[PDB]
């Protein structure tokens, strides 16, 4: 019949595992800690110029630490460095990467100084590049401190003028120290596009356009590159969508048992409901992937590899790709909105961090805590302490990782801007994780 089973030699976030989440999630093992509203502060140094040219308080969103190759937080001339997306709370979609820094031993949110934007408006036009001149927004990525002691940034070139084209991009951020307590962004170099999709392994924006994606509610992604090394190889792991040959979007995907898991009765009942219902198109178009590419030593593309995992039928959006090695195993994380999901009992207000584990970098990834659930945040977006973009930072010692996230902080009274959420701890033990009891850290804390 139309029924089939193709894994495409890759792992999958299955419907069977997702449907189990609603009855599992209501536990302090997974719940994002409740945060103390009275102590929440804006990032004091998060000031910049608005579109008019007046200095304002910025909203600060997605952030990532400068990391060592293994994912631990780097120390740069005695400083911890955090790259963050920021912009004017009112002027629509305008994100730029800012560089924040803090003396390694300082703890308070007030200790985070602002070195300003990584890029000048003019920077994108300098290199001879296929894509950069078309950039309208700077989206998320990662930062690594190289062997040579260079600050190497990876981020997403978003082009709103090119149908939302997304390109994995790199630059070396040149730094100096004007005095004992200041870091300065001097400028950028080796600023170049790396990858924008191939069509067979990862969806391109052209495929998105050609299929009439803006009319069907399709969501094209090629973003959030996370730098990692393994056995002398350099990689980016990123958010994407499947291409034509590794389980493409469309109605056929609803007949693929690989995306369902469970037994035949589960597959048959779930499939029938999908085909009948108002989620048919949404599920059909859902082909999120966590992709991987290998880089050369100069950070150009070496090899486009098959995805680590996909969320076919489940969601088109698996965000903030994250991966690191712990206790000889590889842990893979991604954030996912309930609103973009097609799962019974998962709703608009549900936000997740999902996690998977493998014995090897490109091996089979199995769900943490049986289902893949690691974190559950379901506070209403209107709540002051709503958090988003949860990201696990591995630590030099111990079994705990630090969870960072941003807190939108839009209360009726001050403080009033998107800020660093209080960080917290998650214990990792084999294929099991748990939120650490009563250990809420400072806003934007990276290390314990």
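Positions refer to the first chain, counted from 1.
- The PDB entry records a higher mean C-alpha B factor for 175-183 than for its counterpart among 175-183 and 324-332.
- A summary of the deposited B-factors shows that, of 58-66 and 405-413, the stretch with the larger mean C-alpha value is 405-413.
- Between the residues 193, 315, 256, 362, the entry's highest C-alpha temperature factor is the one at 362.
- Of all the options 217, 347, 143, 372, the entry's greatest CA B-factor is assigned to 217.
- Residue-level temperature factors show residue 1 in the highest third of its chain, judged at the C-alpha atom.
- When the CA B factors of the chain's modelled residues are split into thirds, the value for residue 160 lands in the highest one.
- In the PDB entry, residue 91 places in the highest third of its chain by CA B-factor.
- In the deposited entry, the Cα temperature factor of residue 260 places it in the lowest third of its chain's modelled residues.
- Annotation for residue 278: CA B-factor lies in the highest third of the chain's modelled residues.
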